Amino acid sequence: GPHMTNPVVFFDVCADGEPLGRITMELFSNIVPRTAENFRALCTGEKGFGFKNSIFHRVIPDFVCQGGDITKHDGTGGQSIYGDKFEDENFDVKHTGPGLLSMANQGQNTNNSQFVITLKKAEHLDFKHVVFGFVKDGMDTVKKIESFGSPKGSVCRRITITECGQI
């Protein structure tokens, strides 16, 4: 669960030139170490690729803010530090409320770099998507991102991760 030894990472987010603030996230390395490590390394950029300058390409109010397509920047791409895809590590954490970080996928064992931040409980994603962290500060920034979304997910401003890293 939450723990002092878990890594902490951040995104600084902008919407068409407007600063939205910083999201700070704790990653459950103690539950899903491979999945947490992937996300952490993508935040620092240490493998030579990562989340910096990527966008939130799909935002559905009352559901998710989705980003992490670092290879195509449109929802069709993504890549992990382990290759194009990696396994669903476990489903020990459920989608019990807002502010959870969960891996996007297109089927079993197809995790890459795409992720969502939840805006609500989502039981239907349990045993389907791996939850690997939570927003510890900056949920206000997440609600700003939500404000630019729409029912089908298109966004009215380009929402970018202008800086990111590990605390």
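One rule holds for the numbers: they count along the sequence shown, beginning at 1.
> Of 140-148 and 19-27, which one has the bigger average CA B-factor?
Going by the record's values, the stretch with the higher mean is 140-148.
> Quick one: higher average CA temperature factor, 122-130 or 97-105?
Per the PDB record, 122-130.
> Between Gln66, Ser54, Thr110, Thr35, let me know which has the highest C-alpha B-factor in the entry?
Answer for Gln66, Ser54, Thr110, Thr35: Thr110, with the highest C-alpha B-factor.
> Rank-wise, by C-alpha B-factor, drop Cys14 into the lowest, middle or highest third of its chain.
Middle third, going by the recorded CA B-factors of the chain.
> What third of the chain, by the recorded C-alpha B-factor, contains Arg40?
According to the entry, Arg40 has a C-alpha B-factor in the chain's lowest third.
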